[PDB]
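Worksheet for the structure shown next.
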Amino acid sequence: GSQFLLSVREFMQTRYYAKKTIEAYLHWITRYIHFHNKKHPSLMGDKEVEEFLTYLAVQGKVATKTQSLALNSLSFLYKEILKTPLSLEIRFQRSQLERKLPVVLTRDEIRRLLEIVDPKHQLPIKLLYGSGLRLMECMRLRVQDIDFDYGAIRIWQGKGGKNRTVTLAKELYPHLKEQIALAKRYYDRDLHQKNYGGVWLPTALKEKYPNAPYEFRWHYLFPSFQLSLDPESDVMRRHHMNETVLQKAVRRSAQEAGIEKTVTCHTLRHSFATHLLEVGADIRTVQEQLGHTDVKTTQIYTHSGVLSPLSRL
Amino acid sequence: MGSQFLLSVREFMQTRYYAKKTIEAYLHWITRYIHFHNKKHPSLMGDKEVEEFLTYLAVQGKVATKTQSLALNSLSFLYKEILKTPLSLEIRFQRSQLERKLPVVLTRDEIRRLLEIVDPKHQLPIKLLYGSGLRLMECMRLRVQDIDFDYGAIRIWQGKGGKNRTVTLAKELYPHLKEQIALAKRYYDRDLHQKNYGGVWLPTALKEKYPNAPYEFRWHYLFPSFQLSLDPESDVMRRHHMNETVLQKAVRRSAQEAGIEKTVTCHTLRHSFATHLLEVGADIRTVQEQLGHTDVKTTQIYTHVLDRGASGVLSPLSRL
Amino acid sequence: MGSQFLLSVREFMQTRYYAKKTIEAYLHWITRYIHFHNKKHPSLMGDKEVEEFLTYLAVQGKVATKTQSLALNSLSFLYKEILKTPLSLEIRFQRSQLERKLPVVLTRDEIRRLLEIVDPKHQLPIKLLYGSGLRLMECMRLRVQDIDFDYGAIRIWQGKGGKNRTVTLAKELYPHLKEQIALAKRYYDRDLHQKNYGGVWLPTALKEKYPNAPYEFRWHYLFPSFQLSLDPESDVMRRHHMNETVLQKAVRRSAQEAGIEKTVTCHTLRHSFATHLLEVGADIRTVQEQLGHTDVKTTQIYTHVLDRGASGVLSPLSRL
Amino acid sequence: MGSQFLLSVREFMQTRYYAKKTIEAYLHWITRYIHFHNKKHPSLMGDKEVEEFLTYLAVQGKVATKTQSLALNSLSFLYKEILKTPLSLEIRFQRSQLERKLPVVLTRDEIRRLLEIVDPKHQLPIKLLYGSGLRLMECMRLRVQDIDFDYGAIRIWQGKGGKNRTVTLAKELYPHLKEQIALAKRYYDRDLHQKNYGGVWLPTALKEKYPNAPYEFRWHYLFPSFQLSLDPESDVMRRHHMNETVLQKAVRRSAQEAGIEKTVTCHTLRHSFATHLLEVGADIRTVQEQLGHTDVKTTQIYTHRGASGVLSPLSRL
DNA sequence: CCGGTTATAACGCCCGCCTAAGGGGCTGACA
DNA sequence: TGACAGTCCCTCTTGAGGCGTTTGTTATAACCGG
DNA sequence: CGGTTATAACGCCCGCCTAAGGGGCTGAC
DNA sequence: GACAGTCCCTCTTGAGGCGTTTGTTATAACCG
């Protein structure tokens, strides 16, 4: 029943799996049992699995990566939940759709992209390229996260609960300060509200620093024009800018300039890494800016002039 | 006003000489554990109940993986030591808790600005946090004997085994230090004779090493409390160092009045000590030595904002 | 003559397209395994016998942990694939076979001195080992199509999946290369018509990708053998590259006559390529690219003798 | 057959490729453990009998804390790897008291004077122990091809724990080295023409892979002995390398024939190498690499008054 | 044109198998 | 008569080395009824 | 003095404690 | 009424270390 899926969700939350990971796994576990007439996975195994996966490939045109997530979700279910791991030989129809090469803009392309973009989104997207931030990393920024004493930005808890310090483009200082000032206004106004629970804080932080939620420094850098009503603990707070809006903002502006390469937020991040490299920065330097734990990962972001030693003999 | 059980645990621990902060910590998760199962006795519960509690903290409780981990540390003790019936849970952890906070340092100006507001008799220990990078409790647990005027340094004793470290000491603080060692003897003299006074607190290994040590000024705290207190692990009166919470509150409000916008705590002063030493050209191994880092990687974090920021990596946006 | 069993295994493998050197290797440890149990059938033996053999190698046999490990790799195959009855041994290893050899490079003078003695028709491939740092078999398996005169480089295809790498090419070798591609077509023409010739060997994935490829000069080896040979995985005649053992013997004796005292092998030439690039100031990531290293740590070994030796670390004896 | 059980333990370990010295160490403690009790089988024993032997080592044994530790591990090995029945982690026993004396470290002038009253017969070897921080056996096992004159360096093959490394060399020794090599060349040229000369000894099964290697000069030891030996395995004679023990006392005597009241031995020359490099400003990781430590944290235990010279940041405010 | 479930891309970094070497010899048909 | 090449051989090693990755976790990009 | 013991030294992840940073109450001056 | 407090807490950790006789592998020190 729907009580088994809830127990799986609880298991994962205790083991502190990422939220997105839980949704991903659940979704594939869900439409797995859904595939079969909702028959309990405990009464199934390798056989039923190597069918769902093949069902995803064929008559599903699922992407090779998509199939992979599913494979892992299922494997998780059978190893961690029902302590009875699948076999490593499960043969199934592997997808065919080959992932298109990572799109990477060019100086002038980006230069023109940052043009036809309304000021309402100029700063955010400039941070995505100027400091190679991820979409949500940029959207979750907080006033205290911007360091003017050193040209840098503190990215707290990025993908996989890792903190990092990234570079900032000095030229944005005036823009940033203005943006902060803009956020200060909403703060000064929202402070005097019948039901303002201040800014949302990471896991049980409001309990440790009950005052933090009402301190400006903890407030989002890019807040929304209105206010929201937080379901948990019926209170209102000023949530941050909408991701989706920024996502299409960059998509449209990308069209309103030419560039027929299908450019999105993460492609601006790729450009950041690519451009730093083309200027001579060291790979490990780029690695640290992106937050990769190992250079070998960054090397998959680098896809002559050497005179043969024989010639110097 | 608390349960007879909690009181028995607190005493069990005080006998094994567990740290004060450990007792407070473990107890807190134990009572929270108990009051979650409606005062049911913990000896009647086991893994099942512990996991239900941990899950509780994790999901609606929204606690952090590390705090849930401490909770499990408490309950594990409660069952391994007290109640000789160890747990058998599987810490199928996921997220790694080696991830330190991103240091936030104050500009030399913000520090000057801070010290201007920190009222007297509060700034000697505060100037030591920044001047010697001491950690809050290393400062509070300093002993007269620890200040070295000959070589201008302070000796910090961390952990047992006689492990120590010698940090730098600002000489423009000697007269202030002398006034303190004096104020210290001013209490030591009026206390040496009270037949309550059991002498200054001292680590078991030391107290037995130099049985007379607890009564010699040399071993007395540099920043003594305004009054005598009762040592919970021996039930005798002795003079404890000033309450650390005092400085924590002090620093926080002083910065608030000083008009500093970024959060300022004792740690902050220590971070600033490290960063400023680096900015002047000190070698990381040196700064590593000054702090107590046994691994340079730890010390290296203070390096990032420097050469991992604008001054070290030029933003691609700064070009085209 | 050898056993009918060994012959069956050799064929089992040749069908799964296992590498030639793999077959020779696995077979060698299998026959040695068999002849150790007095030629008893391996299907009648199991873990017990395998472990007794491994122990034999280890102990009086005095073999190296890695070679004993390959032996276990062979037997594991012999039981997992052929004889569907997998082993169940515990590789309770102990040495850590990640420990690469300490590279030994030749001075630019010793290399000049070497090339002087290496007779003609032997030095084009040898000059490629040093001139482009190629690995012996990457050199022997080069194809006409792989030499790029426009950009002065060579394309090396390692592993399947279409994985490759582009190395530098000494331009003072163009005319020599042209003579070779010619000599290659001189064989390609006289062979294209023999109704034996099945074309040049080609990776399964490729051969099926471009079914005509085996017959176009483009895909033919740059250093063809003096005569046609029979492909064991398809039983057809084709022209293979020159036998690598030829160069191995060549280099070895040429250095001997050249009066070079240190051991010289093909690897040696590759090591020298790397070191010399570094000495001239090339960046390790670059040299890493030139070789096929996926991890700089590998490339870094060539750095040690440089800045980890006298020129980088001054011996304390050199002072007092 | 008790001596057979010990032989099976030795075989177990050799297959799992434990170091030779490790096998001897473990065996020796396993041996005098069962020896402790009337030679009774360890399979019929456990925590109880163990926490007695160890206590027996401490008390009425005055065994060094480290010595006790090795024993504890040897025993634990026996009960975990051999008789798959691991001891408990609570085994309480009398811990030793003898505190290891601080690592002795000479000084520039001390070493300077030490290298003086040493006969030329041992001047080069000991100079390598300090000049390149080599370990005793590392220096004694050197081979002609191991010295790199093109770059000031020495290739130390398979040092402690099967690890290879490249260490620095003192250029000034080039002439001495070449002379020493020339000296070894003479013995080689003479020994080559011998009725039963199996050439130089090679590492594990190397002579089978390179049957000619044993007769190549480059593979011959740098510091050979004046005579020849008769290798038990494969009845043949070869020129083994200089005697360790002789060098060990050589450095001990010369240490006395100077002054130096600190009890100086070979590894103390190595400590000096690390210490001196550090005192000159070399980076710790640099020293780490020269010694062969896999982690700096180990080398940091080689960096233990004066003036820190660190001006307090408060003073610069 | 929009929010919400999807679908995919991206980060994650060890080691189990397989594949290169380096040697000494050994046959042939060949200048 | 010999130096050389062999899809050579070998019951010869590995002081030999490297490719490969859809059984892991966690983001952003994209699809598609009101 | 050499064959045996004794014992330095390399090894380097993470379990279990301990230290913080915060509001707030309160009892001796 | 400020204010320090072996304060209090059924606060938490955007918190951080110490510690290390239950591993291996060398060299140094014993004694007949």
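Beta bridges per DSSP, both residues in the protein assembly as shown: antiparallel share near 90 percent. The mean number of Cβ atoms from other chains found within 10 Å of a Cβ in peptide A:275-282 is 3, as a whole number. Counted residue by residue at 0.36 nm each, then reduced by the alpha carbon distance between them, the extension gain from B:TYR210 to B:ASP189 reaches 5.5 nm. The alpha carbon centroids of region D:85-119 and region C:184-231 are separated by 68 Å. If you take the Cα centroid of region B:113-170 and the Cα centroid of region C:89-127, the two points sit 58 Å apart. Can you give me the C-alpha center-to-center distance between region A:46-77 and region A:283-299, rounded to a whole angstrom? With region A:46-77 and region A:283-299 each reduced to a Cα centre, they are spaced 31 Å. For the cross-link pairs A:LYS159/A:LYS184; A:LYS100/A:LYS126; B:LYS297/C:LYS262, the ones whose C-alpha atoms lie over 30 Å apart are B:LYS297/C:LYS262.
In terms of the mean number of neighbouring beta-carbon atoms within 10 Å, the peptides C:73-85, B:259-271 order highest first as B:259-271, C:73-85.
Ranked for footprinting exposure by Cβ neighbours inside 10 Å, fewest first, D:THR303, D:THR166, D:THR294, D:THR67 give D:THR294, D:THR303, D:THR67, D:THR166. Ordering A:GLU215, C:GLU172 from the fewest to the most neighbouring beta carbons within 10 Å gives C:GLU172, A:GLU215.
Modelled spin labels at D:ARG285 and C:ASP283, positioned 7 Å past Cα toward Cβ, are 1.8 nm from each other. Quick one: work out the % antiparallel among DSSP beta bridges in region C:95-309, nearest 5. Counting only bridges with both partners in region C:95-309, antiparallel ones make up about 90 percent.
Computed extension gain for B:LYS62 through B:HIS37, at 0.36 nm per residue and net of the alpha carbon distance, reaches 7.1 nm. What does the net charge come to around B:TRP201 if you take all other residues with beta carbon closer than 11 Å to its beta carbon, with K and R at +1 and D and E at -1? Summing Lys/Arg as +1 and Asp/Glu as -1 gives +4. Take each residue of peptide D:161-169, count the partner chain Cβ atoms within 10 Å of its Cβ, and average: the result is 6. Other residues lying with their Cβ under 12 Å from the Cβ of C:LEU169 contribute a combined charge of -1, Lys and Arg counting +1, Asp and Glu -1.
Averaged over the residues of A:139-150, the number of partner chain Cβ atoms lying within 10 Å of the residue Cβ comes to 3. Considering only DSSP states other than H, G, I, E and B, which chymotrypsin sites (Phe, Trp or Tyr not before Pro) in region A:170-226 qualify as loop sites with at most 15 other Cβ atoms within 10 Å? Those satisfying the criteria are A:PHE225.
Using the Cα gyration tensor of region A:118-173, with a ≥ b ≥ c the square roots of its eigenvalues, what is the shape: rounded (a/c below 1.5), prolate (a/b larger than b/c) or oblate (neither)? It is oblate, given that a/c is not under 1.5 and a/b is not larger than b/c. What shape does chain B take by its C-alpha gyration tensor, where a ≥ b ≥ c are the square roots of the eigenvalues and a/c under 1.5 counts as rounded, a/b above b/c as prolate, and the rest as oblate? Oblate, since a/c reaches 1.5 and b/c is not below a/b. The phi torsions of region D:270-282, fed into the Karplus equation with coefficients 6.51, -1.76 and 1.60 and a -60° offset, translate into couplings of 6, 4, 5, 4, 5, 5, 4, 4, 5, 5, 8, x, 4 Hz, rounded to whole numbers, with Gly and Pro shown as x. Which FRET efficiency value, to the nearest 0.05, is calculated for D:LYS62 and D:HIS267 with the Förster distance at 30 angstrom and r the Cβ-Cβ distance? About 0.85, to the nearest 0.05.
The residues packed around B:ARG186, meaning those with a beta-carbon under 13 Å from its beta-carbon, carry a net charge of +1 if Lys and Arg are +1 and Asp and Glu are -1. Highest mean packing comes first when the peptides D:262-269, B:93-100 are listed by Cβ atoms within 10 Å, giving D:262-269, B:93-100. Restricting attention to chain A, close to 90% of DSSP beta bridges with both partner residues there are antiparallel. Anisotropy class assigned to chain A is oblate, per the alpha carbon gyration tensor with a/c at or over the 1.5 cut-off and a/b no larger than b/c.
Every number here is computed from the coordinates shown, using simple stated rules; none is lab data. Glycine also receives a Cβ, built like all others from the backbone with ideal geometry; neighbour counts cover every protein chain displayed.
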